[PDB]
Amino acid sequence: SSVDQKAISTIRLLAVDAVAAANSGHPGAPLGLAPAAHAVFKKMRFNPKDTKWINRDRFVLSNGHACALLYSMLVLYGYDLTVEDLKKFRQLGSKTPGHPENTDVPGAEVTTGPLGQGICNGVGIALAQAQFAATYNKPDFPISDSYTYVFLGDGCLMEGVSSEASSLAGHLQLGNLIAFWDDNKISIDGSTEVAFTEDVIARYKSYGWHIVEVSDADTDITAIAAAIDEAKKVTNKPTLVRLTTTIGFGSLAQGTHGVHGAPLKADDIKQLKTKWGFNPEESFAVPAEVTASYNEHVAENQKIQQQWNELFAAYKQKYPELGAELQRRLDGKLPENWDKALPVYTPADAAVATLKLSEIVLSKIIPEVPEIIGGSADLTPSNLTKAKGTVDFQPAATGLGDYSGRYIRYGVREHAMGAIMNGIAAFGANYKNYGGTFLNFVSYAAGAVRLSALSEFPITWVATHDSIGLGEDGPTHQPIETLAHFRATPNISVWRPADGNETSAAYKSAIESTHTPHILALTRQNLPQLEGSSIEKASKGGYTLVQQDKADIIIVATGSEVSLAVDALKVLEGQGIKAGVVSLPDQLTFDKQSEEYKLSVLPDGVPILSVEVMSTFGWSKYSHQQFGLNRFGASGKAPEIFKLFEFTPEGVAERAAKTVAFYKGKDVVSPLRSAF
């Protein structure tokens, strides 16, 4: 008889009807988690009319297949999502896709569905909130005091990425994070008894999490609310709330794996409706008493945001500098002329490894841009990712840092680092955050990297030791396929800078980015400062480094192979062959230039040879012939590896001469040309 009971029924039946309309999707977890969703959203502070309010509590559905539940909450609370949108669940072009997308769904903080990701994103949102609060809060000014609420299931708990992030979140004492395990004993294959018998609670205690168990989460919303209150009292541990639920609660098939991921039968939906007091002939029913009850909570939350806006106005009066910084960040704007801090080099400067140039850039721009934070996956002395004079992000209680710190010790946790970076970006406030590892092990985090791209998050991988140039660690460490993989992923900027100026351009792009993740492929070995490079020119993604009006061939190269191309040009000169050189530090940035610009760099009428010491995949977009490395590497001194594979001035010159011969007497059009 209570409106709470009616709301829970409404949520359950909206979710079931959405799945029924699509004849596709997942009704089980929505039915089991509706009580908890109702309780959690009633405790959350949010404004459906301002999804960007920086002191909102955040909600993350890590078990993203359950998104009919999320969409039902967003509709009932009056986000920019309607019952008509629910009726278009899983339909082409709708705002209710089969897994939630932050780019398409108002109130979806992150893109989830791939299991394990959301809980790690929640760790990142909570990490950002802690850093943000430590940076801006003052006595009598709680600018940031929000919580991060995550729903997750058994699948998320089995995925290693969540173990990584949970270990780290416990270490970081993130008391702002409250996660809820849907303990329903069912996965796709059937009972969890067949593959998942670990003592989850004991594991989470071993990470340093607090635990609250709710033995009847099907009905006991008082206990769920009390569990949230208890979690909030434990300020130095993230909390896991165990929700013991019946998957598909109410269905004839409740408590079975069949209700996990298929639409319910028509008669099942009828009996669900009738026993909960709804009309079995009606779909998408919304009792006005439910939206009125919810509208009241919205009104209270809107009053809280109104007061927060006055708090912020008073803060800007008392702390004009910090307040202006905060306003700028909330407006999405970097500091004026921040890029004047970028290092600039000339050909008179010494050769430097681009991982070391990266260290230098970070040391200059971190002091100038407070919204840069980042870390490394236990490779700080090798990636060179920490700026001297910064403090690590740690709980002060440890003595090892502070929450105001700017450098994160991720440990050996590449995948969670990638998904945590997504959460930090998702927090907002213009965070431009980065994560260091060896390029070859960015691949450990592929699940998260592709979601950076799909989510349009401006995260940055500082991906060092990019090739066989690293030498002795050998083929287990040497990328071959890696750049092809990420360049083939839509919306990833993959920078491979050749020298100091190009490394500054790469960081200019990565930090200015608002919608595109970056991977910066950086060398262990020293590279010369190039004649002809500049930040301005490299900012175009691809540019003419050596212009040769009478070119017999153009060599297009990236990174460490640009200097090699220039040396090959000198060899070719002695053989009577004139070459130009194009440097292509980022293929995506280049692709986005005008057709006329791109054709000025890669014109018609001249054969083009690409040179890059890894896969030739993708390179036929830019070249007629490709010199790359399509086998695994080798353990040895790097110069000897390059000699073995003929990535030498003479070996490049030989293949350039063969390319010129191949096209002798034939017209050649730019590789940029296509039939459609």
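So that there is no doubt, residue numbering starts at 1 and follows the sequence shown.
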Comparing average C-alpha B factors as deposited, tell me which of 268-276 and 115-123 sits higher.
268-276
Higher-scoring stretch by recorded Cα B factor average, 308-316 or 167-175
308-316
Name the one of 478, 482, 283, 509 with the greatest CA B-factor according to the PDB entry.
283
Highest CA B factor of 154, 472, 336, 456, as deposited, is found at 336
Split the chain's modelled residues into thirds by Cα B-factor; residue 583 lands in the middle
For residue 644, return the chain-relative third of its C-alpha B-factor as stated in the PDB record: lowest, middle or highest.
highest
What third of its chain, lowest, middle or highest, does the C-alpha temperature factor of residue 659 fall into?
highest
Within this chain's modelled residues, let me know which third the CA B factor of residue 294 belongs to: lowest, middle or highest.
middle
So, residue 104's CA B-factor, relative to its chain, sits in which third? The highest
